[PDB]
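Chains as they are written, first to last, in the deposited numbering: chain A, 2 to 255; chain G, 111 to 196, 214 to 339; chain V, 27 to 144. Don't be surprised by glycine CBs; every beta carbon is placed ideally from N, CA and C.
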Amino acid sequence: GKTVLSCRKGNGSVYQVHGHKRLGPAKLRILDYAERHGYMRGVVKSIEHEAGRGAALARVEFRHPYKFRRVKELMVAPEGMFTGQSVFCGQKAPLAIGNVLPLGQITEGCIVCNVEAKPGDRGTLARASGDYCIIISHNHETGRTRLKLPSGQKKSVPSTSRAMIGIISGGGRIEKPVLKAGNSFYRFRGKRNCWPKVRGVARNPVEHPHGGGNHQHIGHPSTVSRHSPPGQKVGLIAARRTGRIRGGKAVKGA
Amino acid sequence: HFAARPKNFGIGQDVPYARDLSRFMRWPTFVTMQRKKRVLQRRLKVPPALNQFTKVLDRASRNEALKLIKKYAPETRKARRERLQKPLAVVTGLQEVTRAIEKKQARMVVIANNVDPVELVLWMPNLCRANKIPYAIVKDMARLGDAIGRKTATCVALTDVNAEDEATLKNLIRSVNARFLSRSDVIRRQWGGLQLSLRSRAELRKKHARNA
Amino acid sequence: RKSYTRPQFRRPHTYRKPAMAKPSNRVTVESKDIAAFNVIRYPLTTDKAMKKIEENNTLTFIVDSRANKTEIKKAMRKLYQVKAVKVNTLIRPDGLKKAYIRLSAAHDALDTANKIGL
RNA sequence: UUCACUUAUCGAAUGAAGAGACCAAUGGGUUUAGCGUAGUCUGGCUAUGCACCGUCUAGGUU
RNA sequence: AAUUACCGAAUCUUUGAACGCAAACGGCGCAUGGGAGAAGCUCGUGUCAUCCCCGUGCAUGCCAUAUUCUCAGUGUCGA
RNA sequence: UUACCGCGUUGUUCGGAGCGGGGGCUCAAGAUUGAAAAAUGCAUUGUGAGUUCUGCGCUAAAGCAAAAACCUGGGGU
RNA sequence: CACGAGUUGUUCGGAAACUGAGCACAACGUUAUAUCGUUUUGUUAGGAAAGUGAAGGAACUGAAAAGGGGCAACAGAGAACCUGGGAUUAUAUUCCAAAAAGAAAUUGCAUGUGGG
Ligand SMILES: [K+]
Ligand SMILES: [Mg+2]
Ligand SMILES: [Mg+2]
Ligand SMILES: [Mg+2]
Ligand SMILES: [Mg+2]
Ligand SMILES: [Mg+2]
Ligand SMILES: [Mg+2]
Ligand SMILES: [Mg+2]
Ligand code: NA
Ligand code: NA
Ligand code: NA
Ligand code: NA
Ligand code: NA
Numbered sequence: 002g003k004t005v006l007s008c009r010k011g012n013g014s015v016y017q018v019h020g021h022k023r024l025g026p027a028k029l030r031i032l033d034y035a036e037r038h039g040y041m042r043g044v045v046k047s048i049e050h051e052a053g054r055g056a057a058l059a060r061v062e063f064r065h066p067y068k069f070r071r072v073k074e075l076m077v078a079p080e081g082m083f084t085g086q087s088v089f090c091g092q093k094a095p096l097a098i099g100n101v102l103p104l105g106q107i108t109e110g111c112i113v114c115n116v117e118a119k120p121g122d123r124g125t126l127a128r129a130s131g132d133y134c135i136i137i138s139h140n141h142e143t144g145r146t147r148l149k150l151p152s153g154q155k156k157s158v159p160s161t162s163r164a165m166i167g168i169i170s171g172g173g174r175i176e177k178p179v180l181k182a183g184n185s186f187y188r189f190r191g192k193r194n195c196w197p198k199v200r201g202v203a204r205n206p207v208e209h210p211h212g213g214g215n216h217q218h219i220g221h222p223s224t225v226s227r228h229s230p231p232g233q234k235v236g237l238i239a240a241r242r243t244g245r246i247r248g249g250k251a252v253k254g255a
Numbered sequence: 111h112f113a114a115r116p117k118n119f120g121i122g123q124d125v126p127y128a129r130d131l132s133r134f135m136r137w138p139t140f141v142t143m144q145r146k147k148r149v150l151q152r153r154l155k156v157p158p159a160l161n162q163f164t165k166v167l168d169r170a171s172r173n174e175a176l177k178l179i180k181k182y183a184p185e186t187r188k189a190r191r192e193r194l195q196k214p215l216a217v218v219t220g221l222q223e224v225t226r227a228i229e230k231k232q233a234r235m236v237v238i239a240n241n242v243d244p245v246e247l248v249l250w251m252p253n254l255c256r257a258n259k260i261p262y263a264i265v266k267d268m269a270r271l272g273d274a275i276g277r278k279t280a281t282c283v284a285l286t287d288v289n290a291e292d293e294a295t296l297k298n299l300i301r302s303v304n305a306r307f308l309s310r311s312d313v314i315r316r317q318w319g320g321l322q323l324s325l326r327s328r329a330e331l332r333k334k335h336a337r338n339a
Numbered sequence: 027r028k029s030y031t032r033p034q035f036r037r038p039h040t041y042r043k044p045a046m047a048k049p050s051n052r053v054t055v056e057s058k059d060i061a062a063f064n065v066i067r068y069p070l071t072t073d074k075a076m077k078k079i080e081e082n083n084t085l086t087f088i089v090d091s092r093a094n095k096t097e098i099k100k101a102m103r104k105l106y107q108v109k110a111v112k113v114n115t116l117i118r119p120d121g122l123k124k125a126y127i128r129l130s131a132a133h134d135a136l137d138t139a140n141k142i143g144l
């Protein structure tokens, strides 16, 4: 047979992201001496929308620590940020929406966003539209903090990694029905070439493991192994369970 | 109308003066590697054969020995050509020095401690000890080369001296044997290396204090 | 060499000896009184050329295809003791370059044409 | 096999842009081993164990 | 000799390994030596700014070298 | 100085964070007077309709490319 | 089919001289094999990639400036000129001659005037 589409997508030829209109990576400040031993103050200059993303972005201006210059950053805005606001980053910062402080200084039971997994990563968790983490506990002996991630899993990170207070903006986005194929067309035109989606049973045997037959059906179970080679790993991959769940919904993940 | 206008160099505040960044700068690769090599040779555990080259002669005795060798330095091209139209010296060169050691002609041997392929002289103290030849290990092959008139030198052997310097040579042999030939068992036994950094040592000391 | 104020090392400034001038690798004799004969080839005798001579004080020449207007003016002055106030050039569809040369009003193109032998 | 170490190795950040100590050892020395005490070793002196000395010096604030 | 044959002296446009930088461009440079220039300046000359033309050198890598060229290193020493 | 009323568009609005009246500063697009220009071209000077550049300032889970080149200021020189 | 002719620019289009989706020289790595890979999300390369302002006592000399060189749009950015001609057999915002039929705009270098 011929190559399957999920394997063709790994060359990334016409399946790469559409990023001409994007503004750049969104990241916190660099963890440097001033942030480790004091605080820095910045001012919010503008709030903008970038194609392909559901949250707002904020342009924040600081002063260069070492030269006579101005430094502009681009972060993901929490809900409530406004232009002309003052933002503090570092150890001696107060507690307010938009301030960046270490997790060891944030009190227990608070709501945070833009969390660093490792100190200096510049923010990798809770960055989509309406997401946030919750601080569960501190442990002064080992210097670690336990959080509840947006998926429900619990993770422990060093107390030296930073986070921003609040919730990401743009919440409630997926609550509106789309109603039209044109709306989906325009949604994915800003992300990548992945829509519309044809069905494996509607393809031919040379193309997909599910294709062929005088009726449209899969001849074999659609639950596949974790050790299957590429091209064979289509369907429900290493599924622990199938069907409609009755009762409480567990967490999904390793 | 002269007055002080002090500057504040705290976090925030005024733009600071140009600080020295030597310790946190990105250097060339060869600089980095040549420093890390010394760090590694300190940290690791060094066998006795290699460690014997770290314990050297004292500065005063090294100065006296190099003075004697300079006094008996060999001839130059100009001097040899001005001669031979009508002397006693040291023996220089690895092959000639080895032959003098293997016979009993040598009366003392000086060995440089920083030869680049160390296998050129690693075996020399063992041979001088198998014979009964007094020997010393000194600080620089560049200094030995300056003594004899070349750029560097790996080793030098004294075979014959004049009566004006016989007493000096005897005292030198005694002082050299005090440090090298008489301590052969300790030399054969002693391992080396295993040094912590100052940072690690201070951390250990602080931890012991806190846990006590 | 003492104190560095930048976070990265950059090659220092050293002494650079300038490149000497070699003996020339050309041996041919070239004459300075000959180049104008290469620049200007020969005139044209068609009806348009004659009309221009009689009406606009203009002469028409076939010139070297790689020459430019400044060189054509200088060669014109050297070969015939006249002053050209304008040169217009075109490259013909057969590959040759043709020039329209207008002389200053102090010179008669008809007299110059008679001297040339047109 | 479980505990500790850091230099091999692995990961991240940065334009390699401010690590640690000075608050003193279970630390280093004949080119920061100088000097005692007690054993052991070959006459120039070492080794082991303990004691003192040098390296070793500053300062916001209370 | 506008004859032939052979060969020792020469000439040898634009390219191409193509190598100053480029290229569906007869394009654009840096250093150095020349040429022409009834602009101006001066006593028909001499001189000449901007513009124009011509010769030579200028790729990367490696080897050797510097009457003993200029440097860099919390590499090893020693003043 | 405005008493929740007043201003304004074909149209979805503006006002003690300054409506309206008097007098002014400025910007954009036009008009007019003249030089060009009659020395040229060929053998008048008024209304109504249509069309551009312009102005009316700036669908959406879709929200309006970048750089050279140039302009103005803050400072020192 | 034969012979003879015809395309004129300081300003028009391009280049000189922009960046885009993109390409891939150097450097490095890989391969028995470079005819392979990375090379714009600020951005080469274990990585020493800057070559000249002001200078002072006519050329030389060297302080301060992280992030190598280049290409890719004749519909994007950029771009100083307009009419009349009785001026061709065929070209013209390209030709016309001292009353330039004429009227302008702009670039480089010089010279006088005024101001400074
Ligand atoms: K390549
Ligand atoms: Mg079918
Ligand atoms: Mg032309
Ligand atoms: Mg070329
Ligand atoms: Mg025909
Ligand atoms: Mg265009
Ligand atoms: Mg043009
Ligand atoms: Mg026609
Ligand atoms: Na199949
Ligand atoms: Na079906
Ligand atoms: Na089915
Ligand atoms: Na690009
Ligand atoms: Na281009």
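*CB of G85 (chain A) within 8 Å of CB of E62 (chain A), strictly*: no
*Buried versus exposed call for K297 (chain G) [16 or more other C-beta atoms within 10 Å across all chains shown]*: Label assigned to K297 (chain G): exposed.
*Per-residue contacts from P33 (chain V) into chain G (C-beta, under 8 Å)*: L131, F134, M135 and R136
*asked:* Just verifying my parser: in three-state terms, what is the DSSP assignment at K124 (chain V)?
replied: strand
*Using the beta-carbon count (16 or more within 10 Å), is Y68 (chain V) buried or exposed?*
exposed
*Check the Cβ-Cβ distances between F89 (chain A) and every residue of chain G, and say whether any is below 8 Å.*
no
*Environment of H21 (chain A) [buried if 16+ CB atoms lie within 10 Å]*: Counting C-beta atoms within 10 angstroms of its own C-beta, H21 (chain A) has fewer than 16 neighbours from the protein chains shown and is therefore classed as exposed.
*Proximity test, Cβ basis, 8 Å: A305 (chain G) and chain V*: no
*Name all residues in chain order for which at least one heavy atom of ligand 9 lies closer than 7 Å to the residue's CB.*
A:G2, A:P206 and A:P210
*Figure out for me which residue from V:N64, V:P38 and V:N51 has the closest Cα to the Cα of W137 (chain G).*
Of all alpha-carbon atoms in V:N64, V:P38 and V:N51, the one lying nearest the alpha-carbon of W137 (chain G) is that of V:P38.
_For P116 (chain G), the three-state DSSP class (helix, strand or coil)_ = In the displayed model, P116 (chain G) falls within coil according to three-state DSSP, outside both helix and strand.
*Identify, in the order they occur along the chain, each residue of the same chain with its Cβ nearer than 6 Å to the Cβ of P231 (chain A), setting aside the five sequence neighbours on each side.*
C8
_Using the Cβ count rule (16 or more neighbours within 10 Å means buried), how would you classify residue 202 (chain G)?_
Note on chain G: numbering goes from 196 to 214 directly, and residue 202 (chain G) within that interval has no coordinates.
_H139 (chain A) - DSSP class collapsed to helix/strand/coil_ = Correct three-state label for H139 (chain A): strand.
*Would you give the residue range spanned by the beta strand (DSSP E) that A284 (chain G) belongs to?*
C282 to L285
*asked:* So for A269 (chain G), helix, strand or coil by DSSP?
replied: helix
*Touch test, the segment 224-239 of chain G against the segment 251-265 of chain G, Cβ-Cβ under 8 Å, three pairs minimum*: yes
*Where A52 (chain A) and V18 (chain A) are concerned, what is the direct C-alpha to C-alpha distance, given to the nearest angstrom?*
11 Å
_I want to see whether chain A comes within less than 8 Å of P252 (chain G), judged by CB atoms only; does it?_
no
*On the three-state DSSP scale, how would you describe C111 (chain A)?*
coil
*Residue range of the beta strand (DSSP E) that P103 (chain A) falls in?*
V101 to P103
*Can you tell which of A:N194, A:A57 and A:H38 has the C-alpha that lies nearest to the C-alpha of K10 (chain A)?*
A:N194
*asked:* Does any residue of chain G have a CB that is nearer than 8 Å to the CB of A35 (chain A)?
replied: yes
*Given that a residue counts as buried once 16 or more other Cβ atoms are within 10 Å of its Cβ, and exposed if not, what is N205 (chain A)?*
exposed
*Are the Cβ atoms of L29 (chain A) and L58 (chain A) separated by less than 8 Å?*
no
*Classify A290 (chain G) as helix, strand or coil using the three-state DSSP reduction.*
Here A290 (chain G) sits in coil by DSSP.
*asked:* For a contact defined as C-beta to C-beta under 7 Å, what are the partners of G39 (chain A) on chain G?
replied: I121
_For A284 (chain G), the nearest candidate out of G:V217, G:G120 and G:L131 (CA to CA)_ = G:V217
*asked:* Taking only three categories from DSSP, how would you classify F63 (chain A)?
replied: strand
_Against chain A, does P157 (chain G) count as a neighbour if the rule is that its beta carbon must be under 8 Å from one of theirs?_
No - not a single Cβ of chain A is within 8 Å of the one on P157 (chain G).
*Going along chain G in order, which residues have a C-beta closer than 8 Å to the C-beta of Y41 (chain V)?*
Correct list: empty, because the minimum Cβ distance to chain G is about 21 Å.
*Just confirm the distance between the C-beta atoms of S138 (chain A) and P79 (chain A), as a whole number of angstroms; I'd bet it's less than 8 Å.*
About 23 Å; that fails the 8 Å criterion.
*asked:* In the DSSP output, what is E330 (chain G) paired with across the bridge?
replied: Answer is none; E330 (chain G) lacks a bridge partner.
*Between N115 (chain A) and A129 (chain A), is the Cβ-Cβ spacing less than 8 Å?*
Not a contact, by the Cβ cut-off of 8 Å.
*Using only the heavy atoms of ligand 3, determine whether one of them is closer than 7 Å to the beta carbon of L116 (chain V).*
yes
*For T146 (chain A), which beta-bridge partners are listed by DSSP?*
A:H139 and A:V158
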